[PDB]
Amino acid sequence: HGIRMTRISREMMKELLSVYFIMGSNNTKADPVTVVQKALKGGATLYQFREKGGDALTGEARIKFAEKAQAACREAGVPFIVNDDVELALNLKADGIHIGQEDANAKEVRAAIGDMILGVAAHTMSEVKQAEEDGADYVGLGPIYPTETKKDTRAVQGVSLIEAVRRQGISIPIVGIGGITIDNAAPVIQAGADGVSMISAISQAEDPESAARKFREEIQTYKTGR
């Protein structure tokens, strides 16, 4: 449960991606930390701290919120991943960092974080292959379904890229993202993904704990069945 002195195994990474909850203070009307605690109690297997955009906390307020979210993750025994902010990830001794195509180059990031978990968002086959070559531990593929949680998102692709990646014999850990709900997660796993990631399906649920628990149960069933 400490800092990694060796890169994560693919088997372990795939287990962590099962129910990957992502959240920032501006993704819910409830108390931010409380929602994160409920998501973890319910069954989320991985959590990503993503605090950006308008209304998002900044400065010291953002750092203190990150510390509380990381504490919640430690209590639940779930890894804490930071989005974009490499310096914050190192400063908090986070378990990982997630970056996109317009963020810091993956090769640069991999060198700066040692053996920490590294996730990269990809939308094309070329980007997936480049991410693997750069040292990524997993790729986030989407948007699978329509979503407006994230402002400028690329064209909806369903599970097409997930399928294409597996058909080429690429076994890198994959997590699907974008408009995923309790009702539409099955196809994502069936296509070859190792889990599903979401924001609103849990953060804006009238019952975050039950939603996370439903996800955890469903994904387990889907993985055993494919």
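Between two forms, the rigid core is defined as the largest C-alpha subset superposing within 1.5 Å. Numbers for residues come from their place in the sequence shown, where the first is 1.
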property	result
In 4 other deposited structures of this protein, rigid core aligned: more displaced of 153-161 and 187-195 by C-alpha RMS	153-161
Residue gap status of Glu127, at least a third of other entries	no
Unmodelled in at least a third of other entries of this protein, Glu148	yes
Stretch with the higher entry mean CA B-factor, where the candidates are 176-184 and 153-161	153-161
Stretch exceeding the other in mean C-alpha B-factor - 187-195, 54-62	54-62
Highest-ranked of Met23, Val19, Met12, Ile202 once sorted by CA temperature factor in the record	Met12
Lowest, middle or highest third - CA B-factor, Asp95	lowest
Entry-reported Cα temperature factor of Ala69, expressed as the chain third it lands in	lowest
B-factor third for the C-alpha atom of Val36 within its chain	lowest
Cα B factor band for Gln130 (lowest, middle or highest third within the chain)	middle
Third of chain Cα B-factors occupied by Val82	lowest
